[PDB]
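What the coordinates show
Spelled out from the first residue to the last, the chains are:
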Amino acid sequence: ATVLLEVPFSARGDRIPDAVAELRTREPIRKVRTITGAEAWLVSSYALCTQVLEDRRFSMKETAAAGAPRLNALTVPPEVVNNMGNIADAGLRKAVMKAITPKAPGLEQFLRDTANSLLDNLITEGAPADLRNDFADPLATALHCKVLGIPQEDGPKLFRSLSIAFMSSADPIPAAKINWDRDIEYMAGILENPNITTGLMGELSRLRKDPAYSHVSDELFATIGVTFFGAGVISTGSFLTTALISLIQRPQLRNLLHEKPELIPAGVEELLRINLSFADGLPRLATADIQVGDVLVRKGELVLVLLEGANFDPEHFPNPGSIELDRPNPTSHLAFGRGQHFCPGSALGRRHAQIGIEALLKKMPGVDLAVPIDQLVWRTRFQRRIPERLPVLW
Ligand code: HEM
Ligand SMILES: Cc1cc(C[C@@H]2NC(=O)[C@H](Cc3ccc(O)cc3)NC2=O)cc(C)c1O
């Protein structure tokens, strides 16, 4: 007697389990048990993953409903699962999205300067260097402070909420609320701080005092800052970290991008496609009975969209495990999701990784792992897959 297949399959972010391809082939929508004990449908083909993500009847909002089958425990207030809907309802979606593009004057230079400064410090200190804790995450953190308009020196404290905020836990996490409430208070103070005039929080601080937004809650303004800082920092830091691994493990690609940095955008797009940073399928709750492949998903059931199921689907990306800079459909992966909840920070996330990689390859053209790959320690029960340290030499 066997138990129902458990998700997630593996917290390792350096390789996809052979099991995913067998699952996709045999049962692209399959029942699984999540860490809470709930049952769910795990969708692992490109076609079915896009179907689910493009059908809003598979609702993100409704995953927060009391009594729903859960992937993991909420680490935010339930109304925050509807964060982008709340932002849209408040009339803030266009301004938010405009503030988080990589387009602001000087932002890319700041990113480059920050990356180069981080790297110089690593070079000064001498190998081995930890490229997660001492490069990718600080770069993500610095970027998001700059984007939000908040002091760089406030970044580390906000950052250290994230090892708990993005836990994938069977049970509510006491520290998540402590940190959430504290971080909200911080962002509320930011909105009241007259020195904060730039970035997302500077713009929100002005809109908050504009009569066209006088009935938007202060809670939502503060929430936008906390949520965009955290989702952005965890996602860019984790993605860049695991992209660096994939790059370091491909010396020929490393050398090609070092030699021809104009291919870095195509290389990052493939690193996005093969990225295993999201540790769990994206969750959605059926609000109707909906046919997905051979399964009639019933109203109230949980569906988990396995990004790497889609992104390594050979029917969509031939030779899926190979980084190919000349694919005909290069941005068609689901690394940034798809549909209603497509990542609003996609461009910023691309540029963060492009600039970080560009700077790394210039400063450390010899970069290599300083430990055997198997020695990386993969964070467990977390919504991202990340090695706790990424020791390199160069
Ligand atoms: C490479 C970096 C990133 C990756 C791989 C990534 C990935 C994703 C994915 C897959 C989703 C969809 C979640 C879902 O549908 O359930 C998403 C949503 C989101 N991302 Fe990104 N992300 C990245 C960078 C960023 C950045 C830089 C920001 C903000 C500055 C950000 C903010 C968000 C937010 C707020 C959402 C939720 C949108 C919503 O609920 O509708 N992300 N991200
Ligand atoms: C876990 C998670 C959820 C969403 C949907 C939704 N929308 C949001 O904007 C925030 C993101 C978030 C920010 C800070 C934090 O501590 C926990 C979650 N919360 C939500 O529930 C989206 C993404 C990308 C995600 O990783």
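In the block above lies the structure referred to throughout.
Residues numbered from 1 in each chain as written, not as in the entry; some residues may be left out. Chains lettered and ligands numbered in written order. Heavy atoms only, no water.

**A short note on the pairing of strand 8 (residues 302-305)**
As a general feature of sheets, a regular strand has side chains that alternate between the two faces. Applied cut-off: Think of it in three bands: with a 1.4 Å probe and only protein chains considered, a residue is buried below 20% of the maximum accessible area for its type, exposed above 50%, and partly exposed in between. Every helix listed is a DSSP run of H or I at least four residues long, and every strand listed is a run of E at least two residues long, numbered separately from the N terminus. Strands are labelled as partners when DSSP assigns at least two bridges between them.
Every second residue of strand 8 is oriented toward a common face, with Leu-302 and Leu-304 on one face and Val-303 and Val-305 on the other, all of them buried. Pairing of strand 2 (residues 39-43) with strand 8 involves three bridges; the strand directions are parallel. Paired with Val-43 across the bridge in strand 8 is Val-305. Pairing between strand 5 (residues 282-286) and strand 8: four bridges, direction antiparallel. Across the sheet, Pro-283 pairs through a bridge with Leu-304, a residue of strand 8.

**Brief notes about the site of ligand 1**
For clarity, the threshold we go by: Residues are labelled near a given molecule or strand when at least one of their non-hydrogen atoms is within 4 Å of it. Contacts described as polar in this section are N or O atom pairs within 3.5 Å, which, within protein, must combine one atom able to donate a hydrogen with one able to accept it, while residues neighboring in sequence count only if both atoms come from side chains. Under the scheme applied here, ten amino acids are nonpolar (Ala, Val, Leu, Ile, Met, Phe, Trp, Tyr, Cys and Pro), four are charged (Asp, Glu, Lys and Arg), and all others, including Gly, are polar.
Taken together, 20 residues sit near ligand 1, with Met-60, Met-84, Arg-284, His-341 and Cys-343 positioned nearest. A distance of 2.8 Å is found between an oxygen atom of ligand 1 and a side-chain nitrogen or oxygen belonging to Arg-284. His-341 places a polar side-chain atom, nitrogen or oxygen, 2.7 Å from an oxygen atom of ligand 1. Top contributing element to the shell around ligand 1 by residue count: helix 11 (residues 218-248), with six residues. Classifying every residue of the shell around ligand 1 gives twelve nonpolar, seven polar and one charged.

**What to know about the coordination of the iron atom of ligand 1**
Filter applied, for reference: Any N, O or S atom lying within 2.8 Å of the metal counts as a donor, and for Na, K and Ca the limit rises to 3.2 Å; water is left out, so some sites can look incomplete.
Only one protein atom coordinates the iron atom of ligand 1: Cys-343 (SG), located 2.3 Å from the metal. Here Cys-343 lies in the loop between helix 14 (307-311) and helix 15 (346-363).

**Overview of unusual backbone geometry**
In this structure, the amide linkage connecting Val-7 to the following residue, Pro-8, adopts the cis form with an omega of 0 degrees. Cis peptide bonds are those with omega within 30 degrees of zero, and the linkage from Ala-127 to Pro-128 qualifies with 0 degrees. Checked against the element boundaries, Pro-128 lands in the loop between helix 5 (107-125) and strand 4 (129-130). At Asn-319, a position not held by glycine, the phi torsion is positive, near 50 degrees. Along the chain, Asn-319 turns up in the loop between helix 14 and helix 15.

**Regarding the pairing of strand 1 (residues 29-33)**
In this sheet, strand 2 lies alongside strand 1 in antiparallel orientation, the contact comprising five bridges. Residue pairing across strands places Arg-33 opposite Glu-39, the latter belonging to strand 2. The antiparallel hairpin formed by strand 1 and strand 2 contains five residues in its connecting segment, where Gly-37 sits at a positive phi of about 95 degrees.

**A look at helix 6 (residues 132-148)**
Because the α-helix completes a turn every 3.6 residues, residues three or four places apart line up on one side. Rules: Across the chain, bend at a residue is computed as the angle between axes fitted to the seven residues ending at that point and the seven starting from it.
Its maximal kink placed at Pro-138, helix 6 deviates by approximately 30 degrees. Along helix 6, 13 of the 17 residues are buried, which leaves the element largely enclosed by surrounding structure. Once helix 6 ends, the next one or two residues include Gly-149, with phi positive near 80 degrees.

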